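Only one structure is covered here, and it is reproduced in the block below.
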Amino acid sequence: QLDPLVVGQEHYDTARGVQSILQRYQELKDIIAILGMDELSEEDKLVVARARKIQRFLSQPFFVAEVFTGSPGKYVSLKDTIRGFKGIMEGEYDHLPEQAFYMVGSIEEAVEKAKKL
Amino acid sequence: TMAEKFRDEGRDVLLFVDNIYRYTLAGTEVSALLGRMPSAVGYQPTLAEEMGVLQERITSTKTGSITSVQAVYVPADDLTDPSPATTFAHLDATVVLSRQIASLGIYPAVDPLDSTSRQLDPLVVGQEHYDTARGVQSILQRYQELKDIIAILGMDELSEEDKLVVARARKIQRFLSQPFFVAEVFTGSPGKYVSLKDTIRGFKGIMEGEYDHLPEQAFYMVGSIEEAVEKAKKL
Amino acid sequence: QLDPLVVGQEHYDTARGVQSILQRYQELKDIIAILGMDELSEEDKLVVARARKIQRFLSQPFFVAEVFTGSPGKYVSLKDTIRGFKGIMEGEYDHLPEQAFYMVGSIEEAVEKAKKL
Amino acid sequence: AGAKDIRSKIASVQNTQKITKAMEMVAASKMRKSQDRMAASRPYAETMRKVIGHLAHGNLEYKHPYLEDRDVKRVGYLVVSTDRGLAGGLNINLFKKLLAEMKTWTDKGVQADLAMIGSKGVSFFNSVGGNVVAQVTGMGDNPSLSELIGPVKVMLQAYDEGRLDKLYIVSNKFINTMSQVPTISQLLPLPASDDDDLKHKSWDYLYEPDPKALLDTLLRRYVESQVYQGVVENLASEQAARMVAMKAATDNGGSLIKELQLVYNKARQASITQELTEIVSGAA
Amino acid sequence: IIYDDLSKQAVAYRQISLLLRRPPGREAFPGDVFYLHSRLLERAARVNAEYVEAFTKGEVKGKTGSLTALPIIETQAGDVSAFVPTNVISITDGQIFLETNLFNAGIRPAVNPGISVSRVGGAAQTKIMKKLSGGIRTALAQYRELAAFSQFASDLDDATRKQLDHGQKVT
Amino acid sequence: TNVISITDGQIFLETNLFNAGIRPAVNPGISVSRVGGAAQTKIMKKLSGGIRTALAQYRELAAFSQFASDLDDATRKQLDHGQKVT
Amino acid sequence: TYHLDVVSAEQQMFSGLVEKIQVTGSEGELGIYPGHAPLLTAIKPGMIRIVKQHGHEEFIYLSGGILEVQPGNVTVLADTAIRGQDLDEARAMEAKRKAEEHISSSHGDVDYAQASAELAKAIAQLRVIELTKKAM
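Sequences listed follow chains D, E, F, G, A, C and H, in order. Quick note on the entry's author numbering: the first sequence kicks off at 343 and runs consecutively. Quick note on the entry's author numbering: the second sequence kicks off at 225 and runs consecutively. Quick note on the entry's author numbering: the third sequence kicks off at 343 and runs consecutively. Quick note on the entry's author numbering: the fourth sequence kicks off at 1 and runs consecutively. Quick note on the entry's author numbering: the fifth sequence kicks off at 258 and runs consecutively. Quick note on the entry's author numbering: the sixth sequence kicks off at 343 and runs consecutively. Quick note on the entry's author numbering: the seventh sequence kicks off at 3 and runs consecutively.
Listed below in structure tokens is the structure:
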């Protein structure tokens, strides 16, 4: 079902952009291992930071996993999902730390978490 | 059996089997239909006898003879599979045709390095033929690696005796081409039938610097070598 | 029977050190196979040399194989072997060639055979 | 084991073979470039040595410390080493050749002082326990002279300050694409180069302002230049060693696919037999 | 004619054959799975004017008939060398091998050159296409390995730097 | 393949670890327990969370152990913490 | 004309026959015409003017170096970077620091980094030599 005519170009482009960011970050993990972080370009260091943030933002606390971890669950619509990943990839949330995305739920809660941090 | 009839007339016969592996597989299909238990890799229990009772009628005889040229397909690229291993027990010679040798415009595309026979012994073919063949084989398989050194470091690195091995190997590799009578309607040139002795002459020549002085395209598609010189003449 | 309580701590410790070196040597055989030996570290060329010595020193001439090789059989007591393998593992025989260990009895026969090269 | 594991190992050895073939081709192209950059550096040192010869032992002479021996109380080494692995035996042959002679020297009571080019020698001697006083690393295949001014400034400053008595450069010498040899060679005090000026009865220079201040800079620049030449030859030697080592590795992988395929075929046939026999003998 | 999965016909035949207790063969396919696809695909033929004339009893004389067939086969994990794929590869006159690594990367249709070939070849191709397209296939089959070697190599020789980007245009 | 499907966990003991000295030879990367933290005292539950991650990062990096002389120092520390915890 | 060579330690900056040049010497500005008698001097950082034969003038920038004139040949042994006393002492101090503080910088050969990492991953836990029965 993931083709433009059935999901729309917005959802399709968001999903393809996320995939391509994570693919590039996989290309780069093994350069980071050998040559270290400080050797990447200024363009690539941003791909690294956004890929890590995206990789965090995919996590989510389930309402039923509350028994394993205690943290309360979250339900996230599709609208907020796209508005979140689009916002990360467009460089709009570069001001936050990585862990402001981990197990957050919706993007509007990542800022509220980063303020606590 | 038609070939055996021709043999009884005292002739020399040539029997082509267009794929012996399909003979094996038809044997297996029928064996399964008759309900017999599967043997080594699913092959019929009687594989090496169904093969032998064919391959054993193809022999010379005090009256005539049958030679056989058999196309062979090896499953899973595995020369251990029971069918290849059962066939090779009967094959004397073995010629392999290479896509690459054809890519260079050399026909017939017989790979001289992997093609083999068990008639190549000084006992059977003589010492001169034997060592001429071994000579051209060693030349070709050295050229095989010099042509890699060339491709990675460029020609200029090679020693200057190797710059001559790489000139003799090219002439050998050309002289292995031939104009078939059947090939005219591709190549135009008339056909040539080369007596063995003449091939021994030509390669004994090229191998030992004789004909160093004439260009490599004088050997291509010529036939005998005493026509290589008369093709160089007009080159 | 290979327990600290049965064979004493020193025998057990030597047997396990030998197992560990030979295993570490097994794990390098593919790197050595593909890349050749000169890629190994200075601390993993030494492991390889010590393992290749321990391998030879495990060999012994048998009083019943004299029929096959003439070399007179040797009888090696236990103390005299848990001393020799301790010796090899701690590098105190690193100055010998591998062939000094092939088909000998106690460790002094190897330190002696080395003199003949 | 089982067919489906061995086929995966065959696939990964084939991948390894692709990688080593690529590294061979890359290393060969970089070798050609580096041995061009090597020959491009000859003219400067070639002409500066003729100038130094005419100025130091020509129709007359001036006398710099660097030109005349003195009793060796302690020695310096400029050690050139690669920055990258997979060079084969290159670095360790050199380091052992060095250690043998640093041992031979300290058998006569003299000390040694080390300065490191490249990080492999750094990691090595910082573990064997050498006395390392200046280092430069990460030049890679972009050796530049300005990055070398430091570690040689150290050794020269210590030489004319009296704390060294002899200075060596240890490096590989690129003879052929197929052979490389480690060499320890002297560069202070200046070795004799057969620069005899008997043709130069004919003239002497006009010096602006004076010949001694010029001779000082000439000698310093010459030492820097020869250190740079040593670095560039070590780099081309590294590249050639990597090319040959990766050629070897590709052949080692190709000659192991052939074993894995025999094992895989044996396993394939065994699986077919064991399955079909179970079916046929489980029926009835 | 198009057979959507000849690799599902073989499974239905294996079933209906085992349920009749008939002895099995390799990979538990019935003894004669080859004679199943062989006798099916050997109907796809071009037949000459004498045969059409005799069969149709003289009603049509100028024509030749044909029935071209495109069987489809599914391979597990690209393993072209499995028992039913290597059977059918041995019956047809070519194959178009659709590669998953190209399909995921967005090259659609994912025709893999080099591995895929047509054994009748240019005899079937229209003259203009035979002229223009003659060079393409090997050009791509080589660009696709040059683009592999291009991962480890920067600073490519500008002789190959042209071949890369041309192959990339055409791809 | 049956009893792996029936049970609530698996402890995989591997001989290539046993020989190398790691006794008990539990392989943490392929072992599983589905009851997980619910079957732990809360101190052990608190503490083992970081051990899982130390060993997971170590497994993701360990391919480089045989090249450690050239590794960046920022990863060398993870690759060595993994060894110390193993 | 006479033959001019401008060479650094690293590469050759200029060559060929010339009609005249004007250089800024350490003592003062200079100018070399053909046949100029032998001379040796330092030169300051700055431009150098060449007139290639047939009057084609062009300006080259040199960071320093030494000028050697022989009667019919001249060569300019230029330097790659500004060479002073306090400029070089900064380099010496940085090189001395990096040796005590073990600041081992990385190279920048990304191609070798990628190839080496792929080669390390591909060969990991292959266990090939245990699987095939090679003796070794």
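By construction, the Cβ of each residue, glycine as well, lies at the ideal position given by its N, Cα and C atoms.
* Residues within the stretch 373-387 of chain D neighbouring chain H, beta-carbon criterion of under 7 Å -> Among the residues of the stretch 373-387 of chain D, those with a Cβ less than 7 Å away from any Cβ of chain H are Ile373, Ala375, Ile376, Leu377, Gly378 and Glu381, in the order of the chain.
* Would you tell me roughly how many angstroms separate the C-alpha atoms of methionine 23/G and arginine 401/A, rounded to the nearest one? => Here residue 23/G refers to the residue found at position 23 of the fourth sequence. Here residue 401/A refers to the residue found at position 144 of the fifth sequence. Whole-angstrom Cα-Cα distance: 18 Å.
* **Backbone secondary structure at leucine 167/G - three-state DSSP** => Locating residue 167/G in the fourth sequence gives position 167, where the first residue counts as 1. Here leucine 167/G sits in strand by DSSP.
* Flag this pair as touching only if the stretch 90-104 of chain H and the stretch 134-145 of chain G have three or more C-beta atom pairs under 8 Å; answer yes or no. => Of all C-beta pairs linking the stretch 90-104 of chain H to the stretch 134-145 of chain G, three or more are shorter than 8 Å, placing the two stretches in contact.
* Asked: Are the C-beta of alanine 405/C and some C-beta of chain H separated by less than 7 Å?
  -> On the sixth sequence, residue 405/C is found 63 positions in, with the first residue counted as 1. Yes, contact with chain H.
* the stretch 76-109 of chain G: which residues have C-beta closer than 9 Å to a C-beta of chain F, in chain order? -> Against chain F - using a Cβ distance shorter than 9 Å - the residues of the stretch 76-109 of chain G are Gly85, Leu86, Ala87, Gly88, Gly89, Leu90 and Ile92.
* Asked: Any idea if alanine 452/D is buried or exposed, counting beta-carbon neighbours within 10 angstroms, 16 or more meaning buried?
  -> Within the first sequence, numbered from 1, the residue matching residue 452/D stands at position 110. So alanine 452/D counts as buried.
* Proximity winner among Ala442/F, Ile376/F and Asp386/F, relative to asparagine 252/G (alpha-carbon distances) -> Mapped onto the fourth sequence, residue 252/G falls at position 252. Check the Cα spacing between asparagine 252/G and each of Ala442/F, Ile376/F and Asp386/F: the tightest is with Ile376/F.
* Asked: Which residues of chain D have a Cβ atom closer than 7 Å to the Cβ of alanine 119/H, listed in chain order?
  -> On the seventh sequence, position 117 is the one that residue 119/H refers to. Below the 7 Å Cβ cutoff, chain D contributes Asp372, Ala375 and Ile376 as neighbours of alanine 119/H, in chain order.
* **Segment contact, 8 Å Cβ cut-off, at least three pairs: the stretch 417-426 of chain C with the stretch 15-27 of chain H** => Contact fails: fewer than three Cβ-Cβ distances are below 8 Å.
* 6 Å CB neighbourhood of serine 264/A in its chain, flanking five on each side removed -> Mapped onto the fifth sequence, residue 264/A falls at position 7. Only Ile330, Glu331 and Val341 meet the Cβ criterion.
* To do: Taking only the alpha-carbon atoms, compute the straight-line gap between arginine 358/E and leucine 382/E and give it to the nearest angstrom.
  => As a position in the second sequence, residue 358/E is number 134, starting the count at 1. As a position in the second sequence, residue 382/E is number 158, starting the count at 1. CA-CA distance, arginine 358/E to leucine 382/E, rounds to 24 Å.
* To do: Tell me where the alpha helix (DSSP H) around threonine 277/G begins and ends.
  => The count along the fourth sequence starts at 1 and reaches residue 277/G at position 277. It spans 211-282 - the alpha helix (DSSP H) in which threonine 277/G sits, taken as one unbroken run.
* Is DSSP giving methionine 23/G helix, strand or coil here? -> One-based indexing of the fourth sequence puts residue 23/G at position 23. In the structure shown, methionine 23/G falls within a helical segment according to DSSP collapsed to helix, strand and coil.
* Checking contacts by CB at 7 Å: is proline 280/A closer than that to chain E? -> In the fifth sequence, residue 280/A corresponds to position 23, counting from 1. Closer than 7 Å to some Cβ of chain E, the Cβ of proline 280/A qualifies, so yes.
* Reference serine 185/G, options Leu219/G, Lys21/G and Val223/G, closest by Cα -> In the fourth sequence, residue 185/G corresponds to position 185, counting from 1. Of the listed residues, the one whose Cα sits closest to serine 185/G is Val223/G.
* Asked: By the criterion of Cβ-Cβ separation under 9 Å, what are the contact partners of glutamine 13/H in chain A?
  -> Looking up residue 13/H in the seventh sequence gives position 11. Residues of chain A passing the Cβ test: none, with the nearest at roughly 18 Å.
* Taking 7 Å as the CB-CB limit, is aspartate 111/H close to chain A? -> Here residue 111/H refers to the residue found at position 109 when the seventh sequence is read from its first residue. Not an interface residue.
* What first and last residue would you give for the beta strand (DSSP E) that runs through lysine 22/H? -> For the purposes of this step, residue 22/H is taken as the residue at position 20 of the seventh sequence. From DSSP, the beta strand (DSSP E) with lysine 22/H extends over 19-24.
* Asked: So, is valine 8/H buried or exposed, given that buried needs 16 or more other C-beta atoms within 10 angstroms?
  -> Along the seventh sequence, read from residue 1 onward, the residue named residue 8/H stands at position 6. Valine 8/H is buried by the Cβ-count criterion.
* To do: Could you please tell me which residues of the stretch 93-105 of chain H, in chain order, have their CB closer than 7 Å to any CB of chain C?
  => Those would be none; no residue qualifies.
* Asked: Relative to the C-alpha of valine 268/A, which residue among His294/A, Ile258/A and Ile259/A is closest?
  -> For this step, residue 268/A is matched to residue 11 along the fifth sequence. The closest CA to that of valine 268/A, considering only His294/A, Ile258/A and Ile259/A, is found on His294/A.
* **Check: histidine 109/H C-beta below 6 Å from any heavy atom of the ligand GTP** => Ligands in the displayed structure: none, and consequently the ligand GTP is not present.
* Answer with buried or exposed for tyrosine 4/H, where buried requires no fewer than 16 other C-beta atoms within 10 angstroms of its C-beta. => Taking the first residue of the seventh sequence as position 1, residue 4/H is located at position 2. Classification for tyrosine 4/H: buried.
* To do: Find the nearest neighbour of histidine 437/E within the set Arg323/E, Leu459/E and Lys421/E, judged by alpha-carbon distance.
  => Position 213 of the second sequence, counted from the start, is the residue given in the question as residue 437/E. That would be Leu459/E, whose Cα lies nearest to the Cα of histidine 437/E.
* What does a CB cutoff of less than 8 Å around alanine 410/C pick up in its chain, not counting 5 residues either side in sequence? -> Residue mapping note: residue 410/C aligns to position 68 of the sixth sequence, counting from 1. These residues qualify, in order along the chain: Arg418 and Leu421.
* To do: Kindly indicate if chain F contains any beta-carbon less than 7 Å away from that of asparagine 252/G.
  => To locate residue 252/G, count along the fourth sequence from 1; it is residue 252. Yes - at least one Cβ of chain F is within 7 Å of the one on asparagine 252/G.
* Asked: Closer than 8 Å, Cβ to any Cβ of chain A: which residues of the stretch 392-417 of chain E, in chain order?
  -> Contact annotation: in the stretch 392-417 of chain E, no residue has its CB less than 8 Å from a CB in chain A.
* Close-in-space but distant-in-sequence residues of the same chain around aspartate 302/E (CB under 6 Å, 5 per side omitted) -> Taking the first residue of the second sequence as 1, we reach residue 302/E at position 78. Cβ within range, chain order: n/a, list empty.
* Indicate the three-state DSSP secondary structure (helix, strand or coil) for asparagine 172/G in the structure shown. => Within the fourth sequence, residue 172/G is the residue found at index 172, counting from 1. Three-state result, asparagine 172/G: strand.
* **Neighbour list for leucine 256/G in chain F, Cβ cutoff strictly below 8 Å** => Translated into positions along the fourth sequence, residue 256/G becomes position 256. Those are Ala375 and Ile376, listed as they occur along chain F.
* For the stretch 264-282 of chain E, enumerate the residues whose C-beta is nearer than 9 Å to any C-beta of chain G, in chain order. => Those would be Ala264, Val265 and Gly266, in chain order.
* Answer yes or no: does any C-beta atom of chain E fall closer than 7 Å to that of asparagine 176/G? => One-based indexing of the fourth sequence puts residue 176/G at position 176. For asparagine 176/G, the answer is no, since every Cβ of chain E falls outside 7 Å of its Cβ.
* Taking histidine 104/H and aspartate 83/G to be in contact with their CB atoms under 8 Å, please state how far apart those CB atoms are, rounded to whole angstroms. => Residue mapping note: residue 104/H aligns to position 102 of the seventh sequence, counting from 1. Residue mapping note: residue 83/G aligns to position 83 of the fourth sequence, counting from 1. No, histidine 104/H and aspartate 83/G are not in contact; Cβ-Cβ is about 16 Å, not under 8 Å.
* Asked: Exposed or buried, which one is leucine 60/G when buried takes at least 16 other CB atoms within 10 Å?
  -> Taking the first residue of the fourth sequence as position 1, residue 60/G is located at position 60. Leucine 60/G is exposed by the Cβ-count criterion.
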